[PDB]
Amino acid sequence: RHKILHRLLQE
Amino acid sequence: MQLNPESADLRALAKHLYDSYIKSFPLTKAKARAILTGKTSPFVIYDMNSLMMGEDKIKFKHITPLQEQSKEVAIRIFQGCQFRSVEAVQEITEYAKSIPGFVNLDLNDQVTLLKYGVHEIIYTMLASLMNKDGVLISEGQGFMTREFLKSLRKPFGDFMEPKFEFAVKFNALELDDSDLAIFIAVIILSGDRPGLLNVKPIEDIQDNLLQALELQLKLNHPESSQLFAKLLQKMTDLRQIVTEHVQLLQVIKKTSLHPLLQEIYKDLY
Ligand SMILES: CC(C)(Oc1ccc(C(=O)c2ccc(Cl)cc2)cc1)C(=O)O
Ligand SMILES: CC(C)(Oc1ccc(C(=O)c2ccc(Cl)cc2)cc1)C(=O)O
Ligand SMILES: CC(C)(Oc1ccc(C(=O)c2ccc(Cl)cc2)cc1)C(=O)O
């Protein structure tokens, strides 16, 4: 999990 | 005791944290404080009548006239809080990125750090919007009374009460945004969050944040030694309230939530 969070850090 | 060496960086750190803090979030404590006292008028929700009339006067961002709203104030309120929490997670993620060195942590650990710190720093920042009577909502457009919250049915009336109790003691510390910027920074870089695998580079940053905080607390609060230790002990309290908030989520849940929040609460502690 943590895909939505992981995506926000990648910006 | 205290000297003026290359602590210039410590102050350089705090300035940088303050500047991105003030633009990362809508309402600073300074601003909310002025609204909570007059100089600047939110709509006060103390009543089921004021509630039903509040959703009319206040422009809530999460709602649209065309969508179906539950006939259930307890649920219509949880909706708004979920929307605000989702937004808060993004604002905290942006702020975390401005903490010198954070983006160079292992991205898996940045995720873990953000996963455990978000609600702690959410409750910390909520106090800036609270007094003993209630809490500012909708960028200070509304004001919900503590006693109206407590009167909501079933367990929902027990959600915000621990937060008020926390804010009361925590606001007595009389911290300002400049102090708050460094404290939440220290929260985000807690090297004891479960599931971290590269701790040392996180601790190194937290120490730099910690000693910058202490220096900030001595320079900005002459009238109270031990403010530093008192804050650290507050981080202890923020964890307990999170633990008490999850247990309440469970009670309701066995009687849903945005995938981002579910992502955060999944396997927490
Ligand atoms: C949104 C979520 C998952 O869970 C919350 C649940 C409840 C509250 C409230 O503060 C609240 C209090 C009273 C009512 Cl009626 C409705 C909501 C905040 C967060 C979170 O933790 O981010
Ligand atoms: C960053 C912060 C603290 O963001 C919030 C995030 C979540 C909540 C809530 O969970 C909540 C609880 C009760 C009510 Cl009535 C309304 C909202 C509040 C503010 C802000 O805006 O400064
Ligand atoms: C981002 C923000 C502040 O998020 C909300 C958070 C909490 C509430 C409420 O507390 C609430 C109160 C009464 C009703 Cl009927 C519905 C919601 C509203 C909005 C907004 O959207 O402006």
Side-chain angles (χ1 to χ4, degrees), chain B residues 21-22 24-33 35 42-64 69-95 115 117-130 134-138 140-164 166-167 177 180 184 238 241-253 256-266 268:
Chain B
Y21 167 98
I22 261 197
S24 305
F25 305 96
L27 225 52
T28 67
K29 185 183 178 183
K31 177 57 178 178
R33 247 45 227 175
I35 301 169
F43 181 93
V44 177
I45 297 179
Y46 65 93
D47 226 17
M48 272 291 165
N49 319 84
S50 44
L51 207 199
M52 291 311 187
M53 173 177 169
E55 39 184 289
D56 197 83
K57 296 300 182 59
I58 297 178
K59 257 304 185 63
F60 300 112
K61 297 194 298 188
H62 67 298
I63 284 304
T64 188
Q69 298 190 227
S70 143
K71 214 323 288 176
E72 176 82 38
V73 293
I75 291 297
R76 275 188 277 113
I77 298 187
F78 168 86
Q79 235 69 86
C81 307
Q82 178 163 238
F83 186 97
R84 179 59 220 154
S85 316
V86 159
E87 279 190 339
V89 170
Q90 313 175 230
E91 301 155 354
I92 293 177
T93 306
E94 283 305 299
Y95 180 76
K115 181 205 196 189
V118 160
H119 282 89
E120 298 179 4
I121 109 90
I122 280 182
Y123 301 143
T124 292
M125 303 204 69
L126 194 55
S128 310
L129 281 56
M130 285 167 149
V135 64
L136 256 35
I137 69 182
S138 299
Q141 278 185 92
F143 184 82
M144 269 228 175
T145 69
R146 173 170 185 180
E147 286 297 317
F148 175 80
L149 271 34
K150 191 189 297 178
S151 64
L152 285 355
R153 73 157 171 96
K154 306 298 280 71
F156 291 90
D158 313 283
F159 263 128
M160 281 294 274
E161 192 53 19
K163 324 295 163 63
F164 279 105
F166 169 83
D177 293 300
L180 287 172
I184 78 182
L238 287 167
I241 120 175
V242 161
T243 280
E244 179 181 341
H245 187 69
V246 173
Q247 313 185 3
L248 208 51
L249 285 177
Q250 236 72 267
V251 162
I252 286 69
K253 109 92 165 291
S256 283
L257 79 190
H258 192 282
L260 181 45
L261 280 25
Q262 122 88 19
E263 184 178 322
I264 281 173
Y265 282 113
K266 174 65 175 178
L268 194 75

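When a ligand or atom number is given, it counts from 1 through the structure's own listing order. Hydrogens, waters and symmetry mates play no part in the numbers below; they use all other heavy atoms, side chains included. A note on names: the letters A, B, ... follow the listed sequences, proteins ahead of strands, and every chain is numbered from 1.
When heavy-atom distances to ligand 1 are checked against a 4.0 Å cut-off, B:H245 comes that close only through its side chain, counted from C-beta outward. For B:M160, every heavy-atom contact with ligand 2 shorter than 4.0 Å involves the side chain, none the backbone. Both the backbone and the side chain of B:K61 come within 4.0 Å of ligand 3, judged by heavy-atom distances. When non-hydrogen atoms are compared, ligand 3 lies under 4.0 Å from neither the backbone nor the side chain of B:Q79. Here B:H119 has side-chain heavy atoms under 4.0 Å from ligand 1, and that is the only part of it that gets that close. Counting heavy atoms under 4.0 Å from ligand 3, residue B:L51 touches it through the side chain alone.
Heavy-atom proximity to B:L261, at under 4.0 Å, picks out these atoms of ligand 1: 1 (C), 3 (C). Within ligand 3, the atoms closer than 4.0 Å to a non-hydrogen atom of B:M144 are 12 (C), 13 (C), numbered from 1 in the order shown. Below 4.0 Å from some heavy atom of B:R84 lie the following atoms of ligand 3, by number and element: 1 (C), 4 (O), 6 (C). Within ligand 1, the atoms closer than 4.0 Å to a non-hydrogen atom of B:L249 are 4 (O), numbered from 1 in the order shown. Residue B:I122 has at least one heavy-atom neighbour below 4.0 Å for each of these atoms of ligand 2: 3 (C), 6 (C), 7 (C). For ligand 1, the atoms closer than 4.0 angstrom to any heavy atom of B:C81 are 17 (C), 18 (C). Taking every heavy atom of B:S85 and a limit of under 4.0 angstrom, the matching atoms of ligand 1 come to 1 (C), 22 (O). Annotation for ligand 1: atoms under 4.0 Å from non-hydrogen atoms of B:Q82 are 1 (C). Numbered from 1 in the order shown, with element, the atoms of ligand 3 that lie under 4.0 Å from a heavy atom of B:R76 read 15 (Cl), 16 (C), 17 (C). Applying the 4.0 Å criterion to heavy atoms of B:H62 picks out, from ligand 3, the atoms 21 (O).
Scanning all heavy atoms of the two residues, the minimum distance from B:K57 to B:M53 falls at NZ-CE, 3.0 Å. B:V86 and B:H258 make their closest contact through CG2-CG, 3.4 Å (heavy atoms, listed as atom of the first residue, atom of the second, distance). Nearest heavy atoms, B:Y21 versus B:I184: CD1-CD1, 3.7 Å. Nearest heavy atom pair, residue B:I92 against residue B:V118, reads CD1-O, 3.5 Å. B:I58 and B:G142 get closest at one heavy-atom pair: CD1-CA, 3.4 Å.
At distances below 3.5 Å, not a single donor-acceptor pair connects side-chain atoms of B:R146 with backbone N or O atoms of B:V135. B:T124 places no side-chain N or O within donor-acceptor distance of the main-chain N or O of B:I121, the cut-off being under 3.5 Å. Checked by atom type and distance alone, the side chain of B:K115 pairs as donor or acceptor with a backbone atom of B:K266 at under 3.5 Å.
From the protein, the heavy atom lying nearest to atom 20 (C) of ligand 1 is B:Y265 OH, 3.3 Å. Counting protein heavy atoms only, atom 12 (C) of ligand 1 is closest to B:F159 CB, 3.2 Å. The nearest heavy-atom contact from the protein to atom 14 (C) of ligand 1 is B:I77 CG2, 3.8 Å. For atom 13 (C) of ligand 1, the nearest protein heavy atom (residue, atom name, distance) is B:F156 O, 3.6 Å.
Looking at B:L136, B:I137, B:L149, it is B:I137 that brings a heavy atom closest to atom 9 (C) of ligand 3. The closest non-hydrogen atom to atom 7 (C) of ligand 3, taken over B:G80, B:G54, B:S138, comes from B:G80.
Here the side chains of B:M125 and B:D177 are not in contact, with every heavy-atom distance at 4.5 Å or above. For the pair B:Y46/B:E147, no side-chain contact is recorded, criterion being any heavy-atom separation below 4.5 Å from C-beta on. Inter-residue side-chain proximity for B:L257 and B:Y265 is flagged as met; some heavy-atom pair is nearer than 4.5 Å. B:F159 is listed as a side-chain neighbour of B:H245, based on a closest heavy-atom distance under 4.5 Å. Taking 4.5 Å as the limit, some side-chain heavy atom of B:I241 sits within range of a side-chain heavy atom of B:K163.
Looking at ligand 2, you won't find any N or O of B:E91 less than 3.5 Å from one of its N or O atoms.
Heavy-atom separations between B:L126 and ligand 2 include at least one value shorter than 4.0 Å.
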Worksheet item: Would B:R84 and B:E91 count as a salt bridge (charged side-chain N to carboxylate O under 4.0 Å, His left out) if you check the C-alpha gap in whole Å, the side-chain angles of each, and the deciding distance to 0.1 Å?
Response: CA-CA 10 Å; B:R84 179 59 220 154; B:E91 301 155 354; 2.3 Å; yes

